[PDB]
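Written below as structure tokens is the structure these notes are about.
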Amino acid sequence: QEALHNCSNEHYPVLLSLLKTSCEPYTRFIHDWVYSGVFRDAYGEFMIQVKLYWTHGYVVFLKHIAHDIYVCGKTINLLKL
Amino acid sequence: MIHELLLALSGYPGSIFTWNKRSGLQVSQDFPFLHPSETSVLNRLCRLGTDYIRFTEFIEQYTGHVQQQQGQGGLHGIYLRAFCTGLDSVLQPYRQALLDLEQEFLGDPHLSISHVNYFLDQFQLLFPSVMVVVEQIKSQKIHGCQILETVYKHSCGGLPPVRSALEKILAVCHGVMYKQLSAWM
Amino acid sequence: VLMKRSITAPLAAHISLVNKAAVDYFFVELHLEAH
């Protein structure tokens with residue numbers, strides 16, 4: 001929210017670099033459960049946490065795709081069988 | 001008396017020039033070795049340093065005190081910070097002139113203060129003109145895009161240094177609105 | 001500024017393919033349409 005909060009100033013590049021490096025692990029976390037079906041979590045900084053067979057859980061970002069990742073990871077867990 | 005005027009005028013005033021917020025800078029003025037001749041030149045020179053301190057104080061006061069966030073446009077807003085941003089870049093040649101004087105004083109310090117007033121005479125006109133432009137914005141608590149008009153009527157000017165100085169700052173204030181326009185449109 | 005329209009755009013195109021493979025995998029193997 002600090003990014004949309006100020007962009008028209010000269011402090012925009014420094015904050016842009018800081019957000020660019022602060023989103024580096026989370027994108028890999030997202031990159032895991034889709035492309036390997038490996039739900040990875042370290043300290044609970046990932047937004048969505050963990051017969052009927054699944055006991056995975058759920059909960060700024062687009063909420064249109066936030067539920068979509070929760071269903072996209074479990075689909076990979078189905079194809080492994 | 002040569003170096004000390006630079007130390008006062010730079011915005012880091014000494015104890016010879018006791019800064020008040022109701023008189024600005026004032027020399028100590030209680031000597032049997034101070035003459036009326038120095039007095040008038042000093043009093044002319046005092047205005048410029050008082051203006052510079054008020055300018056830098058304004059810029060510091062409204063830039064670097066919040067991230068970007070009262071909702072009142074006279075105290076807060078992106079247009080005002082863009083104004084401060086233009087003002088410091090306008091303030092740059094004053095600093096250049098002060099350093100320029102300093103080098104020649106290190107070469108030979110026996111140069112007169114009249115030459116300093118003679119050099120600094122061009123900013124002596126420019127500073128009071130822009131002073132009222134910032135003072136109106138602070139006084140009337142002007143919100144948003146109306147701030148753009150307030151400089152604008154004063155940037156159709158009839159003196160080249162004043163008009164050219166305000167015009168660039170108005171370009172900065174244009175740019176921030178353009179950036180928001182690049183989203184909403 | 002940063003938006004999610006340059007990151008989520010190469011992702012949903014893969015999410016759709018994954019879901020299409022799953023709905024295909026249902027019918028061709030467990031024959032739910034037949035069920």
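Labeling convention for the structure tokens: chains A, B, ... as they appear, residues from 1 per chain, ligands from 1 in order of appearance.
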Within 9 Å of residue 8 of chain A using only C-alpha atoms, minus same-chain residues under 2 positions, as a list in words |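 My list of contacting residues is residues 6, 10, 11 and 12 of chain A; 78, 82, 175, 176, 177, 179 and 180 of chain B.
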Exercise: residue 11 of chain B partners within 8 Å, only C-alpha atoms, chain neighbours under 2 positions left out, as a PyMOL selection string | chain B and resi 7-9+13+49+52-53
How would the residues just picked look written out with N, CA and C atoms as a PDB file, in the first residue's frame?
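What follows is the written file out.pdb:
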ATOM      1  N   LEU B   7      28.590  32.696   7.048  1.00  0.00           N
ATOM      2  CA  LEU B   7      28.111  31.747   8.051  1.00  0.00           C
ATOM      3  C   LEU B   7      26.699  32.078   8.506  1.00  0.00           C
ATOM      4  N   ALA B   8      26.359  33.360   8.541  1.00  0.00           N
ATOM      5  CA  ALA B   8      24.993  33.746   8.853  1.00  0.00           C
ATOM      6  C   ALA B   8      24.061  33.432   7.691  1.00  0.00           C
ATOM      7  N   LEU B   9      24.453  33.842   6.483  1.00  0.00           N
ATOM      8  CA  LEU B   9      23.555  33.826   5.333  1.00  0.00           C
ATOM      9  C   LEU B   9      23.308  32.412   4.830  1.00  0.00           C
ATOM     10  N   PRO B  13      22.832  30.179  11.376  1.00  0.00           N
ATOM     11  CA  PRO B  13      23.226  31.489  11.906  1.00  0.00           C
ATOM     12  C   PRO B  13      23.986  31.375  13.218  1.00  0.00           C
ATOM     13  N   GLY B  49      18.969  36.433   3.970  1.00  0.00           N
ATOM     14  CA  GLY B  49      19.163  35.263   4.807  1.00  0.00           C
ATOM     15  C   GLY B  49      17.904  34.858   5.544  1.00  0.00           C
ATOM     16  N   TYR B  52      15.838  33.028   2.983  1.00  0.00           N
ATOM     17  CA  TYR B  52      16.373  31.696   2.712  1.00  0.00           C
ATOM     18  C   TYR B  52      16.023  30.715   3.822  1.00  0.00           C
ATOM     19  N   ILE B  53      16.123  31.162   5.076  1.00  0.00           N
ATOM     20  CA  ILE B  53      15.808  30.298   6.209  1.00  0.00           C
ATOM     21  C   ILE B  53      14.328  29.945   6.216  1.00  0.00           C
TER      22      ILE B  53
END
Residue 63 of chain A surroundings by only C-alpha atoms, 12 Å radius, close-in-sequence under 6 positions cut, as an MDAnalysis selection string = (chainID A and resid 47:48 69:70) or (chainID C and resid 4 8)
Spatial neighbours of residue 2 of chain C, 9 Å, only C-alpha atoms, chain gap at least 4 places, as JSON, numbers by chain | {"A": [3, 4, 16, 19]}
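DSSP on the backbone gives helix (DSSP H, G or I) for these parts of chain C: residues 9, 10, 11, 12, 13, 14, 15, 16, 17, 18, 19, 20, 21, 22, 23, 24, 25, 26, 27, 28, 29 and 30 of chain C.
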Restricting the calculation to only C-alpha atoms, which member of A:14, A:65, A:73, A:55 is positioned closest to residue 40 of chain A?
-> A:73
Would you give me, as a compact mmCIF listing (two decimals) with N, CA and C atoms, in the first residue's frame, the residues of chain C that come within 9 Å of chain A, using only C-alpha atoms?
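Result saved to result21.txt:
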# COMPACT_ATOMS: atom_id res chain seq x y z
N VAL C 1 4.48 2.82 -7.66
CA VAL C 1 3.25 2.09 -7.93
C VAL C 1 3.62 0.69 -8.43
N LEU C 2 2.73 -0.27 -8.18
CA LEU C 2 2.84 -1.60 -8.74
C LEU C 2 1.46 -2.21 -8.73
N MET C 3 1.06 -2.78 -9.85
CA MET C 3 -0.23 -3.45 -9.94
C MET C 3 -0.01 -4.93 -10.21
N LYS C 4 -1.06 -5.70 -9.97
CA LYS C 4 -1.08 -7.12 -10.31
C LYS C 4 -1.82 -7.26 -11.64
N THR C 8 -0.06 -11.59 -12.51
CA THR C 8 -1.13 -12.58 -12.53
C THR C 8 -1.57 -12.91 -13.96
N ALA C 12 -2.94 -17.03 -14.76
CA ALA C 12 -4.31 -17.52 -14.95
C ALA C 12 -4.43 -18.33 -16.23
N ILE C 15 -3.51 -21.65 -15.00
CA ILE C 15 -4.54 -22.17 -14.10
C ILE C 15 -5.69 -22.78 -14.89
N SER C 16 -6.08 -22.12 -15.99
CA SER C 16 -7.16 -22.62 -16.83
C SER C 16 -6.80 -23.94 -17.51
N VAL C 18 -4.64 -26.17 -16.35
CA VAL C 18 -4.61 -27.18 -15.29
C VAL C 18 -6.02 -27.69 -14.99
N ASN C 19 -6.98 -26.77 -14.88
CA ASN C 19 -8.36 -27.17 -14.58
C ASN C 19 -9.00 -27.92 -15.75
N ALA C 22 -7.81 -31.41 -15.61
CA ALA C 22 -8.47 -32.16 -14.54
C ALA C 22 -9.88 -32.61 -14.93
N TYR C 25 -9.55 -35.43 -17.22
CA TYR C 25 -9.07 -36.61 -16.52
C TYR C 25 -10.20 -37.32 -15.79
Could the residues of chain B that have an atom at most 12 Å from chain A be listed as a tab-separated table, each with its closest atom pair and the distance in Å to one decimal, counting only C-alpha atoms and ordered by chain and ascending residue number?
residue	atom	partner	partner_atom	distance
B:63	CA	A:9	CA	10.4
B:64	CA	A:11	CA	10.0
B:66	CA	A:6	CA	10.9
B:67	CA	A:6	CA	7.8
B:68	CA	A:6	CA	6.1
B:69	CA	A:5	CA	8.2
B:77	CA	A:6	CA	11.1
B:78	CA	A:8	CA	7.9
B:79	CA	A:8	CA	9.8
B:80	CA	A:9	CA	11.6
B:81	CA	A:9	CA	8.5
B:82	CA	A:9	CA	7.7
B:83	CA	A:9	CA	11.3
B:84	CA	A:9	CA	11.3
B:85	CA	A:9	CA	8.9
B:86	CA	A:9	CA	11.5
B:172	CA	A:8	CA	9.8
B:173	CA	A:8	CA	10.0
B:174	CA	A:8	CA	10.9
B:175	CA	A:8	CA	7.9
B:176	CA	A:8	CA	5.5
B:177	CA	A:8	CA	8.7
B:178	CA	A:8	CA	9.4
B:179	CA	A:8	CA	6.7
B:180	CA	A:8	CA	8.3
B:181	CA	A:8	CA	11.5
B:182	CA	A:8	CA	11.2
B:183	CA	A:4	CA	10.9
Calculate how many Å separate atom CA of residue 30 of chain B from atom CA of residue 17 of chain B, rounding to one decimal.
-> 12.5 Å
Could you state the separation of atom CA of residue 56 of chain A and atom CA of residue 23 of chain C in Å, given to one decimal place?
->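 Spanning atom CA of residue 56 of chain A to atom CA of residue 23 of chain C is a straight-line distance of 20.9 Å.
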When you look at residue 41 of chain A with a cut-off of 12 Å (counting only C-alpha atoms), what residues show up, excluding the ones that are within fewer than 5 positions of it in the same chain? I need them as a tab-separated table (two decimals) with N, CA, C and O atoms, in the first residue's frame.
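Final file, around.tsv:
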chain	number	residue	atom	x	y	z
A	25	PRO	N	10.81	-13.79	-1.84
A	25	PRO	CA	10.52	-15.17	-1.42
A	25	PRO	C	9.08	-15.61	-1.68
A	25	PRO	O	8.84	-16.79	-1.97
A	26	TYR	N	8.12	-14.68	-1.56
A	26	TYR	CA	6.71	-15.04	-1.65
A	26	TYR	C	6.34	-15.51	-3.05
A	26	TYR	O	5.51	-16.42	-3.20
A	28	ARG	N	8.28	-17.11	-5.06
A	28	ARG	CA	8.74	-18.49	-5.14
A	28	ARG	C	7.80	-19.44	-4.42
A	28	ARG	O	7.58	-20.57	-4.86
A	29	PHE	N	7.24	-18.99	-3.29
A	29	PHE	CA	6.25	-19.79	-2.57
A	29	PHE	C	5.03	-20.06	-3.43
A	29	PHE	O	4.51	-21.18	-3.47
A	30	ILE	N	4.55	-19.03	-4.13
A	30	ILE	CA	3.48	-19.19	-5.10
A	30	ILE	C	3.94	-20.10	-6.23
A	30	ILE	O	3.21	-21.00	-6.65
A	32	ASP	N	5.82	-22.57	-6.15
A	32	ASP	CA	5.96	-23.96	-5.73
A	32	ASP	C	4.68	-24.78	-5.86
A	32	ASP	O	4.68	-25.81	-6.52
A	33	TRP	N	3.59	-24.33	-5.23
A	33	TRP	CA	2.37	-25.14	-5.14
A	33	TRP	C	1.66	-25.30	-6.48
A	33	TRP	O	0.75	-26.13	-6.60
A	46	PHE	N	3.04	-16.75	4.20
A	46	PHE	CA	2.21	-17.10	3.07
A	46	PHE	C	0.73	-16.97	3.47
A	46	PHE	O	0.35	-17.32	4.60
A	47	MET	N	-0.09	-16.42	2.57
A	47	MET	CA	-1.41	-15.91	2.93
A	47	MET	C	-2.39	-17.04	3.26
A	47	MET	O	-3.24	-16.90	4.16
A	48	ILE	N	-2.28	-18.16	2.56
A	48	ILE	CA	-3.22	-19.29	2.68
A	48	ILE	C	-2.49	-20.42	3.39
A	48	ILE	O	-1.47	-20.90	2.89
A	49	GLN	N	-3.03	-20.89	4.51
A	49	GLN	CA	-2.28	-21.86	5.29
A	49	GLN	C	-2.97	-23.21	5.21
A	49	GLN	O	-4.06	-23.33	4.65
A	50	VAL	N	-2.30	-24.25	5.70
A	50	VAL	CA	-2.84	-25.60	5.56
A	50	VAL	C	-3.72	-25.94	6.76
A	50	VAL	O	-3.43	-25.53	7.88
In Å, rounded to a single decimal, give me how far atom CA of residue 165 of chain B is from atom CA of residue 90 of chain B.
->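 Interatomic distance, atom CA of residue 90 of chain B to atom CA of residue 165 of chain B: 6.5 Å.
Excluding residue 41 of chain B itself and same-chain residues fewer than 4 positions from it, the residues having an atom within 9 Å of it are residues 37, 45, 46, 113, 114 and 117 of chain B, counting only C-alpha atoms.
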Restricted to N, CA, C and O atoms, what would the selected residues look like written as a short mmCIF file (atom, residue, chain, number, x, y, z; two decimals), in the first residue's frame?
data_model
loop_
_atom_site.label_atom_id
_atom_site.label_comp_id
_atom_site.auth_asym_id
_atom_site.auth_seq_id
_atom_site.Cartn_x
_atom_site.Cartn_y
_atom_site.Cartn_z
N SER B 37 27.55 53.18 8.54
CA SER B 37 27.89 52.78 7.18
C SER B 37 27.67 51.28 6.99
O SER B 37 27.05 50.84 6.01
N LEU B 45 21.33 43.15 3.78
CA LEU B 45 21.74 41.77 3.62
C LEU B 45 20.95 40.82 4.51
O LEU B 45 20.85 39.63 4.21
N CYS B 46 20.39 41.33 5.61
CA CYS B 46 19.67 40.49 6.58
C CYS B 46 18.40 39.88 5.99
O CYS B 46 18.03 38.75 6.36
N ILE B 113 32.59 44.30 1.60
CA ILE B 113 31.22 43.82 1.70
C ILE B 113 30.31 44.45 0.66
O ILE B 113 29.25 43.90 0.34
N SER B 114 30.69 45.63 0.15
CA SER B 114 29.90 46.30 -0.88
C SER B 114 29.85 45.47 -2.15
O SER B 114 28.84 45.46 -2.85
N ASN B 117 27.23 42.79 -1.48
CA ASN B 117 25.90 43.34 -1.70
C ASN B 117 25.65 43.56 -3.19
O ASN B 117 24.53 43.37 -3.68
#
Hey, what's within 12 Å of residue 18 of chain B if we count only C-alpha atoms and toss same-chain stuff fewer than 3 positions away? As JSON, numbers by chain, please?
-> {"B": [8, 12, 13, 14, 15, 21, 22, 23, 24, 25, 26, 27, 28, 29, 46, 50]}
Go ahead and dump the residues you just picked, N, CA, C and O atoms, as a PDB file, in the first residue's frame.
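The new file out-v2.pdb reads:
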ATOM      1  N   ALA B   8      26.359  33.360   8.541  1.00  0.00           N
ATOM      2  CA  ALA B   8      24.993  33.746   8.853  1.00  0.00           C
ATOM      3  C   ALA B   8      24.061  33.432   7.691  1.00  0.00           C
ATOM      4  O   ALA B   8      23.015  32.801   7.870  1.00  0.00           O
ATOM      5  N   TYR B  12      22.766  28.725   8.753  1.00  0.00           N
ATOM      6  CA  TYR B  12      23.253  28.183  10.021  1.00  0.00           C
ATOM      7  C   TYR B  12      23.749  29.359  10.847  1.00  0.00           C
ATOM      8  O   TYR B  12      24.957  29.564  10.986  1.00  0.00           O
ATOM      9  N   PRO B  13      22.832  30.179  11.376  1.00  0.00           N
ATOM     10  CA  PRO B  13      23.226  31.489  11.906  1.00  0.00           C
ATOM     11  C   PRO B  13      23.986  31.375  13.218  1.00  0.00           C
ATOM     12  O   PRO B  13      23.848  30.402  13.960  1.00  0.00           O
ATOM     13  N   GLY B  14      24.827  32.373  13.475  1.00  0.00           N
ATOM     14  CA  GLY B  14      25.588  32.418  14.704  1.00  0.00           C
ATOM     15  C   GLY B  14      24.876  33.158  15.814  1.00  0.00           C
ATOM     16  O   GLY B  14      23.650  33.315  15.792  1.00  0.00           O
ATOM     17  N   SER B  15      25.648  33.616  16.797  1.00  0.00           N
ATOM     18  CA  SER B  15      25.125  34.401  17.905  1.00  0.00           C
ATOM     19  C   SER B  15      25.231  35.900  17.671  1.00  0.00           C
ATOM     20  O   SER B  15      24.592  36.673  18.390  1.00  0.00           O
ATOM     21  N   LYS B  21      11.857  35.011  15.223  1.00  0.00           N
ATOM     22  CA  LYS B  21      10.785  34.722  14.282  1.00  0.00           C
ATOM     23  C   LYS B  21       9.907  35.953  14.060  1.00  0.00           C
ATOM     24  O   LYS B  21       8.908  35.906  13.339  1.00  0.00           O
ATOM     25  N   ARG B  22      10.288  37.081  14.651  1.00  0.00           N
ATOM     26  CA  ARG B  22       9.548  38.310  14.401  1.00  0.00           C
ATOM     27  C   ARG B  22      10.447  39.438  13.917  1.00  0.00           C
ATOM     28  O   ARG B  22       9.941  40.542  13.682  1.00  0.00           O
ATOM     29  N   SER B  23      11.747  39.213  13.758  1.00  0.00           N
ATOM     30  CA  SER B  23      12.616  40.219  13.167  1.00  0.00           C
ATOM     31  C   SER B  23      13.560  39.571  12.168  1.00  0.00           C
ATOM     32  O   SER B  23      14.298  40.263  11.460  1.00  0.00           O
ATOM     33  N   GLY B  24      13.555  38.243  12.111  1.00  0.00           N
ATOM     34  CA  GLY B  24      14.506  37.571  11.250  1.00  0.00           C
ATOM     35  C   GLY B  24      15.893  37.623  11.857  1.00  0.00           C
ATOM     36  O   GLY B  24      16.093  37.355  13.046  1.00  0.00           O
ATOM     37  N   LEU B  25      16.865  37.984  11.027  1.00  0.00           N
ATOM     38  CA  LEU B  25      18.238  38.159  11.475  1.00  0.00           C
ATOM     39  C   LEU B  25      18.501  39.608  11.852  1.00  0.00           C
ATOM     40  O   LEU B  25      17.999  40.534  11.210  1.00  0.00           O
ATOM     41  N   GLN B  26      19.314  39.795  12.889  1.00  0.00           N
ATOM     42  CA  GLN B  26      19.706  41.128  13.317  1.00  0.00           C
ATOM     43  C   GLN B  26      21.090  41.063  13.939  1.00  0.00           C
ATOM     44  O   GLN B  26      21.359  40.201  14.782  1.00  0.00           O
ATOM     45  N   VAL B  27      21.959  41.978  13.508  1.00  0.00           N
ATOM     46  CA  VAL B  27      23.294  42.099  14.073  1.00  0.00           C
ATOM     47  C   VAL B  27      23.201  42.592  15.519  1.00  0.00           C
ATOM     48  O   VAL B  27      22.196  43.173  15.944  1.00  0.00           O
ATOM     49  N   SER B  28      24.257  42.305  16.296  1.00  0.00           N
ATOM     50  CA  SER B  28      24.249  42.542  17.739  1.00  0.00           C
ATOM     51  C   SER B  28      24.073  44.014  18.088  1.00  0.00           C
ATOM     52  O   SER B  28      23.385  44.330  19.065  1.00  0.00           O
ATOM     53  N   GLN B  29      24.669  44.913  17.294  1.00  0.00           N
ATOM     54  CA  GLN B  29      24.322  46.334  17.218  1.00  0.00           C
ATOM     55  C   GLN B  29      24.438  47.066  18.559  1.00  0.00           C
ATOM     56  O   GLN B  29      23.506  47.750  18.992  1.00  0.00           O
ATOM     57  N   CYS B  46      20.386  41.333   5.613  1.00  0.00           N
ATOM     58  CA  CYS B  46      19.674  40.493   6.578  1.00  0.00           C
ATOM     59  C   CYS B  46      18.404  39.884   5.994  1.00  0.00           C
ATOM     60  O   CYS B  46      18.029  38.753   6.355  1.00  0.00           O
ATOM     61  N   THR B  50      17.119  35.848   6.008  1.00  0.00           N
ATOM     62  CA  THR B  50      15.834  35.543   6.636  1.00  0.00           C
ATOM     63  C   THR B  50      14.906  34.824   5.663  1.00  0.00           C
ATOM     64  O   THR B  50      14.305  33.798   6.014  1.00  0.00           O
TER      65      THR B  50
END
